[PDB]
Amino acid sequence: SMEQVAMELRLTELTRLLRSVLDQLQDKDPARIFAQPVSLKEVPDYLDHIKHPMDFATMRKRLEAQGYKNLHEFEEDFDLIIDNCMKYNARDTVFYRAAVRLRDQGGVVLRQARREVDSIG
């Protein structure tokens with residue numbers, strides 16, 4: 001139908017906007033601490049601690065399959081990256097501190113993204 005196409009064009013444009021959001025959040029991680037999945041070869045007990053692992057490469061795969069229906073779903077995944085790290089790693093670690101800085105800096109990007117998503121519809 002024409003409606004399914006219109007719906008598909010909206011999803012494509014959301015994907016375009018979320019790709020730009022993702023790039024901007026990932027620049028706030030210059031150490032690439034959150035770029036890839038935590039390695040289960042190197043951290044073999046990880047899944048005993050963290051039930052829903054997440055990372056930027058995994059988000060990008062979902063994004064490029066148009067797997068985020070709305071900004072809320074995308075934010076859920078970003079928040080998993082931060083929150084998983086802050087549980088697994090102690091406060092005095094470069095990993096925890098990296099997550100705090102990513103959360104704080106990402107807040108600004110996500111604030112305007114929400115306005116843009118509502119505004120453009």
# chains A, B, ... in the order shown; residues from 1 in each chain; ligands from 1

$ select_by_dssp --residues "range 4-119 of chain A" --states "alpha helix (DSSP H)" --output "number ranges by chain"
A: 4-27, 46-49, 56-64, 71-88, 94-119

$ closest_residue --among "A:19, A:114, A:10, A:91" --to "residue 62 in chain A" --atoms "only C-alpha atoms"
A:19

$ residues_around --residues "residue 121 in chain A" --least-positions-apart "5" --cutoff "10 Å" --atoms "only C-alpha atoms" --output "ChimeraX atom specification"
/A:10,14,115-116

$ residues_around --residues "range 97-111 of chain A" --least-positions-apart "5" --cutoff "12 Å" --atoms "only C-alpha atoms" --output "PyMOL selection string"
chain A and resi 17-18+20-34+55+71-72+74-76+78-92+116-118

$ residues_around --residues "residue 37 in chain A" --least-positions-apart "4" --cutoff "9 Å" --atoms "only C-alpha atoms" --output "ChimeraX atom specification"
/A:53-58

$ atom_distance --atom1 "CA of residue 15 in chain A" --atom2 "CA of residue 52 in chain A"
22.7 Å

$ atom_distance --atom1 "CA of residue 73 in chain A" --atom2 "CA of residue 5 in chain A"
21.9 Å

$ atom_distance --atom1 "CA of residue 38 in chain A" --atom2 "CA of residue 70 in chain A"
26.0 Å

$ closest_residue --among "A:11, A:94, A:50, A:120" --to "residue 63 in chain A" --atoms "only C-alpha atoms"
A:11

$ decode --residues "range 34-90 of chain A" --atoms "C-alpha atoms" --output "compact mmCIF listing (two decimals), in the first residue's frame"
# COMPACT_ATOMS: atom_id res chain seq x y z
CA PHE A 34 32.20 0.87 24.46
CA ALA A 35 32.87 0.18 20.76
CA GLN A 36 32.63 -3.61 20.84
CA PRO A 37 31.03 -6.37 22.96
CA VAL A 38 32.78 -7.29 26.13
CA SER A 39 34.84 -10.38 25.06
CA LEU A 40 33.56 -13.65 26.65
CA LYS A 41 37.00 -15.15 25.95
CA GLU A 42 38.64 -12.43 28.10
CA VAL A 43 35.80 -12.02 30.66
CA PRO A 44 34.40 -15.57 30.81
CA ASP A 45 32.01 -14.93 33.78
CA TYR A 46 30.53 -11.74 32.19
CA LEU A 47 27.05 -13.15 31.58
CA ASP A 48 26.83 -14.27 35.20
CA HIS A 49 26.95 -10.53 36.04
CA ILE A 50 25.33 -8.78 33.08
CA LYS A 51 22.18 -10.25 31.59
CA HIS A 52 21.74 -7.97 28.60
CA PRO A 53 25.18 -6.93 27.22
CA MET A 54 25.30 -4.01 24.84
CA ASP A 55 27.86 -1.99 22.91
CA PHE A 56 28.03 0.47 20.02
CA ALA A 57 28.77 -2.13 17.28
CA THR A 58 25.74 -4.17 18.34
CA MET A 59 23.59 -0.95 18.25
CA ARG A 60 24.87 -0.12 14.79
CA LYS A 61 23.85 -3.58 13.49
CA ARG A 62 20.34 -3.09 14.82
CA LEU A 63 20.20 0.44 13.48
CA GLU A 64 21.22 -0.57 9.95
CA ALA A 65 18.60 -3.29 9.89
CA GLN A 66 16.08 -0.47 10.79
CA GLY A 67 15.53 -2.27 14.06
CA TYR A 68 14.79 0.82 16.21
CA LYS A 69 11.06 1.77 15.87
CA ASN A 70 11.34 4.92 17.99
CA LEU A 71 13.96 6.92 19.97
CA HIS A 72 12.90 5.21 23.23
CA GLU A 73 14.19 1.81 21.98
CA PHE A 74 17.52 3.40 20.92
CA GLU A 75 17.90 5.10 24.27
CA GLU A 76 17.20 1.83 26.08
CA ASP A 77 20.21 0.27 24.32
CA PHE A 78 22.44 3.32 25.06
CA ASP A 79 21.46 3.22 28.70
CA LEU A 80 22.37 -0.54 28.82
CA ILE A 81 25.90 0.27 27.68
CA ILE A 82 26.30 2.75 30.58
CA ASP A 83 24.41 0.90 33.26
CA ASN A 84 26.11 -2.53 32.55
CA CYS A 85 29.52 -0.83 32.89
CA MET A 86 28.69 0.96 36.11
CA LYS A 87 27.60 -2.35 37.69
CA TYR A 88 30.46 -4.60 36.44
CA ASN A 89 33.22 -2.12 37.12
CA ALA A 90 34.03 -0.39 40.37
